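File shown: start19.pdb (PDB, C-alpha atoms and all ligand atoms).
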```pdb
MODEL        1
ATOM      1  CA  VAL A   1      49.897 -17.228  61.618
ATOM      2  CA  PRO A   2      52.065 -20.343  61.100
ATOM      3  CA  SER A   3      55.643 -19.945  62.266
ATOM      4  CA  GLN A   4      58.286 -20.195  59.545
ATOM      5  CA  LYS A   5      61.197 -20.741  61.925
ATOM      6  CA  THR A   6      63.371 -23.825  61.411
ATOM      7  CA  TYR A   7      62.848 -26.498  64.109
ATOM      8  CA  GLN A   8      64.843 -29.681  63.636
ATOM      9  CA  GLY A   9      63.379 -31.067  66.814
ATOM     10  CA  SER A  10      64.177 -34.454  68.306
ATOM     11  CA  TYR A  11      64.446 -36.382  65.030
ATOM     12  CA  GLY A  12      66.713 -33.886  63.294
ATOM     13  CA  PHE A  13      64.206 -32.965  60.570
ATOM     14  CA  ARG A  14      65.342 -30.860  57.592
ATOM     15  CA  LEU A  15      64.572 -30.548  53.877
ATOM     16  CA  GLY A  16      66.756 -31.368  50.898
ATOM     17  CA  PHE A  17      66.134 -30.323  47.299
ATOM     18  CA  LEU A  18      66.761 -31.685  43.807
ATOM     19  CA  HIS A  19      67.339 -29.884  40.510
ATOM     20  CA  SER A  20      64.632 -31.161  38.145
ATOM     21  CA  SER A  21      64.284 -26.743  30.057
ATOM     22  CA  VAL A  22      64.242 -26.437  33.856
ATOM     23  CA  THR A  23      60.982 -27.340  35.582
ATOM     24  CA  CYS A  24      62.197 -27.018  39.185
ATOM     25  CA  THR A  25      65.411 -25.531  40.601
ATOM     26  CA  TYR A  26      66.471 -24.662  44.151
ATOM     27  CA  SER A  27      68.671 -21.730  45.162
ATOM     28  CA  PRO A  28      70.567 -22.366  48.400
ATOM     29  CA  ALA A  29      71.661 -18.712  48.481
ATOM     30  CA  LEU A  30      68.083 -17.492  48.543
ATOM     31  CA  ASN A  31      66.627 -20.616  50.299
ATOM     32  CA  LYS A  32      64.158 -20.370  47.420
ATOM     33  CA  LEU A  33      62.604 -22.921  45.073
ATOM     34  CA  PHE A  34      61.783 -21.773  41.492
ATOM     35  CA  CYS A  35      59.278 -23.975  39.706
ATOM     36  CA  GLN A  36      56.886 -24.163  36.807
ATOM     37  CA  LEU A  37      53.119 -24.411  37.232
ATOM     38  CA  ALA A  38      51.809 -27.912  38.011
ATOM     39  CA  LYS A  39      55.206 -29.577  37.466
ATOM     40  CA  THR A  40      56.863 -32.123  39.754
ATOM     41  CA  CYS A  41      58.810 -30.561  42.623
ATOM     42  CA  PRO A  42      60.826 -33.270  44.471
ATOM     43  CA  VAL A  43      61.302 -32.273  48.122
ATOM     44  CA  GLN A  44      63.427 -34.565  50.278
ATOM     45  CA  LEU A  45      62.735 -35.243  53.942
ATOM     46  CA  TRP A  46      65.836 -36.041  55.986
ATOM     47  CA  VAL A  47      65.873 -37.156  59.642
ATOM     48  CA  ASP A  48      68.667 -38.370  61.895
ATOM     49  CA  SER A  49      66.266 -40.808  63.618
ATOM     50  CA  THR A  50      63.073 -42.430  62.358
ATOM     51  CA  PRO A  51      59.976 -40.749  63.797
ATOM     52  CA  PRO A  52      57.147 -42.778  65.438
ATOM     53  CA  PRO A  53      54.580 -44.688  63.331
ATOM     54  CA  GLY A  54      51.636 -42.458  62.501
ATOM     55  CA  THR A  55      53.937 -39.440  61.952
ATOM     56  CA  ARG A  56      52.625 -37.093  59.238
ATOM     57  CA  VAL A  57      54.078 -34.430  56.919
ATOM     58  CA  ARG A  58      52.118 -31.250  56.234
ATOM     59  CA  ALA A  59      52.815 -28.635  53.578
ATOM     60  CA  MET A  60      51.284 -25.160  53.822
ATOM     61  CA  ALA A  61      51.916 -21.821  52.077
ATOM     62  CA  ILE A  62      51.983 -18.380  53.775
ATOM     63  CA  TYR A  63      52.995 -14.886  52.717
ATOM     64  CA  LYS A  64      56.581 -14.043  53.648
ATOM     65  CA  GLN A  65      56.018 -10.357  54.479
ATOM     66  CA  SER A  66      54.750  -9.720  58.008
ATOM     67  CA  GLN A  67      52.261  -7.138  56.684
ATOM     68  CA  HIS A  68      50.413  -9.807  54.700
ATOM     69  CA  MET A  69      50.953 -12.878  56.836
ATOM     70  CA  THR A  70      47.311 -12.921  57.940
ATOM     71  CA  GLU A  71      46.131 -13.330  54.332
ATOM     72  CA  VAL A  72      45.335 -16.878  53.223
ATOM     73  CA  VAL A  73      47.405 -18.146  50.291
ATOM     74  CA  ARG A  74      45.052 -19.589  47.679
ATOM     75  CA  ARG A  75      44.695 -19.920  43.953
ATOM     76  CA  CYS A  76      43.475 -17.024  41.836
ATOM     77  CA  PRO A  77      39.924 -17.094  40.354
ATOM     78  CA  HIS A  78      41.244 -18.052  36.941
ATOM     79  CA  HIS A  79      43.222 -21.057  38.199
ATOM     80  CA  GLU A  80      40.698 -22.396  40.676
ATOM     81  CA  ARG A  81      38.955 -23.437  37.468
ATOM     82  CA  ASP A  82      42.608 -34.992  39.989
ATOM     83  CA  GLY A  83      39.326 -35.119  41.885
ATOM     84  CA  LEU A  84      41.374 -35.038  45.078
ATOM     85  CA  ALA A  85      42.741 -31.535  45.692
ATOM     86  CA  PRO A  86      40.151 -28.781  46.180
ATOM     87  CA  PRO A  87      40.385 -26.230  43.354
ATOM     88  CA  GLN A  88      41.290 -23.474  45.868
ATOM     89  CA  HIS A  89      44.455 -25.207  47.139
ATOM     90  CA  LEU A  90      47.820 -23.932  45.852
ATOM     91  CA  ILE A  91      49.793 -27.020  46.864
ATOM     92  CA  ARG A  92      49.007 -30.492  45.651
ATOM     93  CA  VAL A  93      50.893 -33.724  46.260
ATOM     94  CA  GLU A  94      51.520 -35.976  43.263
ATOM     95  CA  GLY A  95      51.827 -39.761  43.430
ATOM     96  CA  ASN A  96      50.627 -40.380  46.983
ATOM     97  CA  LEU A  97      47.510 -42.463  47.598
ATOM     98  CA  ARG A  98      47.056 -41.034  51.092
ATOM     99  CA  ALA A  99      47.136 -37.252  50.616
ATOM    100  CA  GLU A 100      44.646 -35.320  52.753
ATOM    101  CA  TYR A 101      43.555 -31.818  51.743
ATOM    102  CA  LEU A 102      42.647 -29.779  54.778
ATOM    103  CA  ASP A 103      41.060 -26.408  55.463
ATOM    104  CA  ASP A 104      41.643 -25.005  58.951
ATOM    105  CA  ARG A 105      38.300 -24.284  60.620
ATOM    106  CA  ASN A 106      39.582 -21.169  62.373
ATOM    107  CA  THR A 107      42.216 -19.692  60.028
ATOM    108  CA  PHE A 108      40.779 -20.948  56.740
ATOM    109  CA  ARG A 109      44.349 -21.837  55.680
ATOM    110  CA  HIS A 110      44.825 -24.766  53.322
ATOM    111  CA  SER A 111      47.303 -27.594  53.667
ATOM    112  CA  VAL A 112      48.027 -31.049  52.302
ATOM    113  CA  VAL A 113      49.233 -33.887  54.514
ATOM    114  CA  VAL A 114      50.657 -37.315  53.743
ATOM    115  CA  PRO A 115      51.854 -39.997  56.131
ATOM    116  CA  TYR A 116      55.582 -39.912  56.826
ATOM    117  CA  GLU A 117      57.220 -42.966  55.221
ATOM    118  CA  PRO A 118      60.772 -44.139  55.968
ATOM    119  CA  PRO A 119      63.181 -44.062  52.999
ATOM    120  CA  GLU A 120      62.417 -46.967  50.697
ATOM    121  CA  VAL A 121      64.956 -49.656  49.829
ATOM    122  CA  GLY A 122      67.700 -48.010  47.838
ATOM    123  CA  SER A 123      67.298 -44.466  49.250
ATOM    124  CA  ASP A 124      68.645 -42.429  52.175
ATOM    125  CA  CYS A 125      65.775 -39.978  52.302
ATOM    126  CA  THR A 126      62.036 -39.792  51.761
ATOM    127  CA  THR A 127      60.884 -37.762  48.795
ATOM    128  CA  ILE A 128      57.580 -36.004  48.333
ATOM    129  CA  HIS A 129      56.437 -34.683  44.977
ATOM    130  CA  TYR A 130      54.619 -31.366  45.235
ATOM    131  CA  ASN A 131      52.829 -29.411  42.527
ATOM    132  CA  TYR A 132      52.106 -25.650  42.757
ATOM    133  CA  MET A 133      48.839 -24.755  40.987
ATOM    134  CA  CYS A 134      49.029 -20.979  40.620
ATOM    135  CA  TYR A 135      51.781 -18.505  39.602
ATOM    136  CA  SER A 136      53.444 -16.123  42.015
ATOM    137  CA  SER A 137      52.415 -13.353  39.599
ATOM    138  CA  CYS A 138      48.762 -14.335  40.161
ATOM    139  CA  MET A 139      49.202 -14.270  43.965
ATOM    140  CA  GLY A 140      51.795 -11.560  44.591
ATOM    141  CA  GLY A 141      50.001  -8.324  43.739
ATOM    142  CA  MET A 142      51.758  -5.153  42.561
ATOM    143  CA  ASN A 143      55.022  -5.542  44.497
ATOM    144  CA  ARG A 144      55.385  -9.311  44.038
ATOM    145  CA  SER A 145      54.713 -10.461  47.614
ATOM    146  CA  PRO A 146      56.655 -13.720  47.970
ATOM    147  CA  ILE A 147      55.245 -16.849  49.591
ATOM    148  CA  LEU A 148      56.928 -19.460  51.770
ATOM    149  CA  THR A 149      56.122 -23.153  51.888
ATOM    150  CA  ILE A 150      56.232 -24.500  55.426
ATOM    151  CA  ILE A 151      56.758 -28.247  55.909
ATOM    152  CA  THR A 152      55.974 -29.713  59.295
ATOM    153  CA  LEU A 153      56.579 -33.200  60.640
ATOM    154  CA  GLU A 154      53.719 -33.967  63.055
ATOM    155  CA  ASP A 155      52.564 -36.807  65.292
ATOM    156  CA  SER A 156      49.190 -38.511  64.798
ATOM    157  CA  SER A 157      47.498 -35.777  66.850
ATOM    158  CA  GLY A 158      48.929 -32.863  64.911
ATOM    159  CA  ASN A 159      51.646 -32.017  67.463
ATOM    160  CA  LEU A 160      54.742 -30.394  66.025
ATOM    161  CA  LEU A 161      57.829 -32.643  65.777
ATOM    162  CA  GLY A 162      59.892 -30.595  63.330
ATOM    163  CA  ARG A 163      59.633 -27.797  60.769
ATOM    164  CA  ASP A 164      61.593 -26.415  57.833
ATOM    165  CA  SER A 165      60.604 -23.937  55.150
ATOM    166  CA  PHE A 166      61.577 -22.282  51.906
ATOM    167  CA  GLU A 167      60.531 -19.394  49.715
ATOM    168  CA  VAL A 168      58.893 -20.449  46.492
ATOM    169  CA  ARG A 169      58.404 -18.649  43.197
ATOM    170  CA  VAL A 170      56.048 -20.392  40.799
ATOM    171  CA  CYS A 171      56.929 -19.046  37.367
ATOM    172  CA  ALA A 172      57.234 -19.714  33.651
ATOM    173  CA  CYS A 173      61.039 -19.625  33.535
ATOM    174  CA  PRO A 174      62.470 -21.044  36.804
ATOM    175  CA  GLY A 175      66.015 -21.186  35.490
ATOM    176  CA  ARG A 176      66.028 -17.634  34.204
ATOM    177  CA  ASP A 177      64.255 -16.174  37.222
ATOM    178  CA  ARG A 178      66.669 -17.815  39.646
ATOM    179  CA  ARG A 179      69.625 -16.326  37.787
ATOM    180  CA  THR A 180      68.032 -12.906  37.754
ATOM    181  CA  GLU A 181      67.350 -13.026  41.480
ATOM    182  CA  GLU A 182      70.754 -14.427  42.405
ATOM    183  CA  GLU A 183      72.265 -11.829  40.083
ATOM    184  CA  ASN A 184      70.421  -9.055  41.921
ATOM    185  CA  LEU A 185      71.591 -10.616  45.168
ATOM    186  CA  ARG A 186      74.927  -9.280  43.944
TER     187      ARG A 186
HETATM  188 ZN    ZN A 201      46.643 -18.251  39.137
ENDMDL
END
```

Could you render the structure as structure tokens?
Amino acid sequence: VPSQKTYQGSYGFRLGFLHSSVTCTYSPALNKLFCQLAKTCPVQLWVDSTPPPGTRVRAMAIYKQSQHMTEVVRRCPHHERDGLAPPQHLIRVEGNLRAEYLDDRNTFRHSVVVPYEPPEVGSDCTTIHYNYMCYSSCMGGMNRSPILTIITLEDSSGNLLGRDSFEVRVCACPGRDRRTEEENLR
């Protein structure tokens, strides 16, 4: 099972989030992103030093709870029904002409990878636009089992260079749900 532990590594890799009728909102308190289905989720990649050419960025979802971490996160039957992302994949990347949709031969886990690109002129960070294609309610079962998105910075061979992660709740009312959860967190 993929590790969720933060690993800034040698390039000082870490994620940043943007608040984007709320379609996508991030709670620092809960280290949790709340977003609507199939809407743009801007995730920022920050590094202290530019990684080597050929560096890649992979996004993968896993269940948070240890008791279900061996289960593969995938879309529900209803939702697995752009000609690029396989219908079974929860996470899609929007606006990248080099996204690769992968299925691990041994674990059957899904992931989407794009080349790492240095911040463009006029920016201090690199931003990736993710879309979540199924609701937490579809994937969580009775006791709403939460999922985590794990983002890894990798070299051309797949070797780990850095990792960061966040809980994600894909839901109809991101704004309301965040308030409810932060409320309960108090
Ligand atoms: Zn679904």

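Atom to atom, CA of residue 74 (chain A) and CA of residue 166 (chain A) stand 17.3 Å apart.
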
Given 7 Å and all atoms listed in the file, residues near ligand ZN 201 (chain A) as a VMD selection string: chain A and resid 75 to 79 134 to 135 138 to 139

Can you pull out every residue within 7 Å of region 38-47 of chain A, counting only C-alpha atoms, but drop anything in the same chain fewer than 2 positions away, and send it as an mmCIF file with C-alpha atoms, keeping the file's coordinate frame?
```cif
data_model
loop_
_atom_site.group_PDB
_atom_site.id
_atom_site.type_symbol
_atom_site.label_atom_id
_atom_site.label_comp_id
_atom_site.auth_asym_id
_atom_site.auth_seq_id
_atom_site.Cartn_x
_atom_site.Cartn_y
_atom_site.Cartn_z
ATOM 1 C CA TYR A 11 64.446 -36.382 65.030
ATOM 2 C CA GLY A 12 66.713 -33.886 63.294
ATOM 3 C CA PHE A 13 64.206 -32.965 60.570
ATOM 4 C CA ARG A 14 65.342 -30.860 57.592
ATOM 5 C CA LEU A 15 64.572 -30.548 53.877
ATOM 6 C CA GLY A 16 66.756 -31.368 50.898
ATOM 7 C CA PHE A 17 66.134 -30.323 47.299
ATOM 8 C CA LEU A 18 66.761 -31.685 43.807
ATOM 9 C CA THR A 23 60.982 -27.340 35.582
ATOM 10 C CA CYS A 24 62.197 -27.018 39.185
ATOM 11 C CA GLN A 36 56.886 -24.163 36.807
ATOM 12 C CA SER A 49 66.266 -40.808 63.618
ATOM 13 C CA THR A 50 63.073 -42.430 62.358
ATOM 14 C CA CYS A 125 65.775 -39.978 52.302
ATOM 15 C CA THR A 126 62.036 -39.792 51.761
ATOM 16 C CA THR A 127 60.884 -37.762 48.795
ATOM 17 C CA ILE A 128 57.580 -36.004 48.333
ATOM 18 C CA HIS A 129 56.437 -34.683 44.977
ATOM 19 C CA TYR A 130 54.619 -31.366 45.235
ATOM 20 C CA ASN A 131 52.829 -29.411 42.527
ATOM 21 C CA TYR A 132 52.106 -25.650 42.757
ATOM 22 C CA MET A 133 48.839 -24.755 40.987
#
```

What do you get, as JSON, numbers by chain, if you spell out every residue that the PyMOL selection byres (((chain A and resi 102) around 10) and not hetatm) selects here? {"A": [58, 60, 85, 86, 89, 99, 100, 101, 103, 104, 105, 108, 109, 110, 111, 112, 113]}

Selection from above, C-alpha atoms, as an mmCIF file, in the frame of the given file, can you write it?
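Generated file (again20.cif):
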```cif
data_model
loop_
_atom_site.group_PDB
_atom_site.id
_atom_site.type_symbol
_atom_site.label_atom_id
_atom_site.label_comp_id
_atom_site.auth_asym_id
_atom_site.auth_seq_id
_atom_site.Cartn_x
_atom_site.Cartn_y
_atom_site.Cartn_z
ATOM 1 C CA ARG A 58 52.118 -31.250 56.234
ATOM 2 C CA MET A 60 51.284 -25.160 53.822
ATOM 3 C CA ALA A 85 42.741 -31.535 45.692
ATOM 4 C CA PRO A 86 40.151 -28.781 46.180
ATOM 5 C CA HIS A 89 44.455 -25.207 47.139
ATOM 6 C CA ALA A 99 47.136 -37.252 50.616
ATOM 7 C CA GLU A 100 44.646 -35.320 52.753
ATOM 8 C CA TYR A 101 43.555 -31.818 51.743
ATOM 9 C CA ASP A 103 41.060 -26.408 55.463
ATOM 10 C CA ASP A 104 41.643 -25.005 58.951
ATOM 11 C CA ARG A 105 38.300 -24.284 60.620
ATOM 12 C CA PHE A 108 40.779 -20.948 56.740
ATOM 13 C CA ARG A 109 44.349 -21.837 55.680
ATOM 14 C CA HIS A 110 44.825 -24.766 53.322
ATOM 15 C CA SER A 111 47.303 -27.594 53.667
ATOM 16 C CA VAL A 112 48.027 -31.049 52.302
ATOM 17 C CA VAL A 113 49.233 -33.887 54.514
#
```

Distance criterion (all atoms listed in the file): nearest to residue 160 (chain A) out of A:28, A:141, A:175, A:51: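 Distance minimum relative to residue 160 (chain A) lands on A:51.
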
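Considering only C-alpha atoms, the residue among A:5, A:20, A:48, A:93 positioned nearest to residue 119 (chain A) is A:48.
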
Determine, counting all atoms listed in the file, which protein, DNA and RNA residues have an atom within 6 Å of an atom of residue 114 (chain A); residues of the same chain fewer than 5 positions away are not included. Present the result as JSON, numbers by chain. {"A": [56, 57, 98, 99]}

Taken to one decimal, the CA of residue 19 (chain A)-CA of residue 121 (chain A) distance is 22.0 Å

Min atom-atom distance to residue 136 (chain A) from the set A:156, A:25, A:181, A:169, counting all atoms listed in the file, belongs to A:169

Between CA of residue 64 (chain A) and CA of residue 147 (chain A), what distance in Å does the model show, to one decimal?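 Separation of CA of residue 64 (chain A) and CA of residue 147 (chain A): 5.1 Å.
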
Which is closest to residue 180 (chain A) among A:27, A:144, A:1, A:87, if we use only C-alpha atoms? A:27

Selection: 6 Å around residue 162 (chain A), all atoms listed in the file, excl. self and same-chain fewer than 3 positions, as a ChimeraX atom specification: /A:7-9,13,152-153

Set the distance at 9 Å and use only C-alpha atoms: which residues neighbour residue 182 (chain A) once local chain neighbours fewer than 5 positions away are removed? I'd like the list as a list in words.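 Using only C-alpha atoms, the neighbours found are residues 27, 29, 30 and 177 of chain A.
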
Find, counting all atoms listed in the file, the residue in A:184, A:10, A:148, A:174 that gets nearest to residue 52 (chain A). A:10
